[PDB]
Amino acid sequence: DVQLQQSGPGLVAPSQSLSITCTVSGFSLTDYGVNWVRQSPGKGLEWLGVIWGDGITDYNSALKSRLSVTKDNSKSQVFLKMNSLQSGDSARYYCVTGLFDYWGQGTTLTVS
Amino acid sequence: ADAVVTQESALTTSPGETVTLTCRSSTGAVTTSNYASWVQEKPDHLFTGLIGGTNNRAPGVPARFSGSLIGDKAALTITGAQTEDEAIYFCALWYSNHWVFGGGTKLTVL
Amino acid sequence: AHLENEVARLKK
Numbered sequence: 001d002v003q004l005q006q007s009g010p011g012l013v014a015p016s017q018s019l020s021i022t023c024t025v026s027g029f030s031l032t033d039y040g041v042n043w044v045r046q047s048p049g050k051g052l053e054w055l056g057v058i059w060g065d066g067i068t069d070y071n072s073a074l075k076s077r078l079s080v081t082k083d084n085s086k087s088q089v090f091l092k093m094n095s096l097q098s099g100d101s102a103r104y105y106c107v108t109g110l136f137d138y139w140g141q142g143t144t145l146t147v148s
Numbered sequence: 000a001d002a003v004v005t006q007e009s010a011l012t013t014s015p016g017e018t019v020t021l022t023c024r025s026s027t029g030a031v032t033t038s039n040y041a042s043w044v045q046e047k048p049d050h051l052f053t054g055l056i057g058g067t068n069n070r071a072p073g074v075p076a077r078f079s080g081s082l083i084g087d088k089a090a091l092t093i094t095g096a097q098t099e100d101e102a103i104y105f106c107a108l109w110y111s135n136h137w138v139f140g141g142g143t144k145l146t147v148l
Numbered sequence: 001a002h003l004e005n006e007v008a009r010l011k012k
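Protein chains in written order, with the entry's author numbering: chain H, 1 to 7, 9 to 27, 29 to 33, 39 to 60, 65 to 110, 136 to 148; chain L, 0 to 7, 9 to 27, 29 to 33, 38 to 58, 67 to 84, 87 to 111, 135 to 148; chain P, 1 to 12.
Now the structure itself:
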């Protein structure tokens, strides 16, 4: 069994940003990648990005400029930062495994 | 820009019956390189992964859940549904450097 | 590939 725990201040306030930390258990960040996803009320899910074991990162082509995904392999952590937030960013943010098999409890973000 | 992933809006079944959820890609036939994956959303935004990479069950997932590719589309099949299987099903395809989620299929188990 | 690697993981 593997677990993913989300934390971090998150924040709020417009013009500023969101910051989330995802701690994994059951496997090392050196071997496999972690995804980030969000779902806004009434709307579907949308992939934000993934950070592979070797450090390479892939982003959502339309949000690329406003987000950063980094990780500390030794502390088994992955960080998500999204900036220049707007009302439309309000949603629930989740960190997930390589093929979306395991999920984190999610974090709710109310912007503005 | 990128592709559109399409799923049926609603589907209905009953205990013991069999049902098939599909996933279409706007770029053409779905393939093994799209690494089709399926996740189940239950009330309370409870997410669980079911199938990953076309036909692999995410450990701990009931064997009644299967996946494969049929006629240009990805498919999730529940052989012998149960009442708890009532939820929204999301499909996700991979396009070389990113994932695209389908709109979801609400499944009703009368 | 990264995916073929996640696949290897799911199969165990």
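We treat Cβ as the ideally placed atom computed from N, Cα and C, and that holds for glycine.
Start-to-end residues for the alpha helix (DSSP H) that takes in residue i
i: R9 (chain P); result: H2 to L10
Alpha-carbon spacing of residue i relative to residue j, whole angstroms
i: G99 (chain H); j: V107 (chain H); result: 22 Å
i: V19 (chain L); j: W59 (chain H); result: 35 Å
i: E46 (chain L); j: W54 (chain H); result: 15 Å
i: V74 (chain L); j: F90 (chain H); result: 28 Å
i: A71 (chain L); j: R9 (chain P); result: 10 Å
i: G141 (chain L); j: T22 (chain L); result: 12 Å
i: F139 (chain L); j: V44 (chain L); result: 10 Å
Residue i: CB within 8 Å of a non-hydrogen atom of the ligand FAD
i: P10 (chain H); result: Looking at this structure, you won't find the ligand FAD or any other ligand, since it has none at all.
Opening and closing residue of the beta strand (DSSP E) in which residue i lies
i: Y104 (chain H); result: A102 to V107
i: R24 (chain L); result: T18 to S25
i: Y70 (chain H); result: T68 to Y70
i: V3 (chain L); result: It is not in any beta strand (DSSP E) - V3 (chain L) carries neither H nor E in the DSSP assignment.
i: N42 (chain H); result: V41 to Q46
i: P10 (chain H); result: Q3 to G11
i: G142 (chain H); result: Per DSSP, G142 (chain H) belongs to no beta strand (DSSP E) and is neither H nor E.
i: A90 (chain L); result: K88 to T94
i: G56 (chain H); result: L52 to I58
Per-residue DSSP class, three states only, for residue i
i: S81 (chain L); result: strand
i: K75 (chain H); result: helix
i: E99 (chain L); result: helix
i: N39 (chain L); result: helix
i: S98 (chain H); result: helix
i: residue 198 (chain H); result: Past the boundaries of the shown model lies residue 198 (chain H); chain H is included only from 1 to 148, so the question cannot be answered.
i: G58 (chain L); result: coil
Chain L within 9 Å of residue i, Cβ atoms only
i: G99 (chain H); result: no
i: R77 (chain H); result: no
Below-9 Å beta-carbon distance, residue i vs any chain B residue
i: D137 (chain H); result: No chain B appears in this structure, whose protein chains are H, L and P.
is_contact[residue i, chain H] using C-beta, thresh 9 Å
i: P15 (chain L); result: no
i: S79 (chain L); result: no
i: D1 (chain L); result: yes
i: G29 (chain L); result: no
i: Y104 (chain L); result: no
Residue-chain proximity (residue i, chain P), Cβ-Cβ < 9 Å
i: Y39 (chain H); result: yes
i: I21 (chain H); result: no
i: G60 (chain H); result: yes
i: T108 (chain H); result: yes
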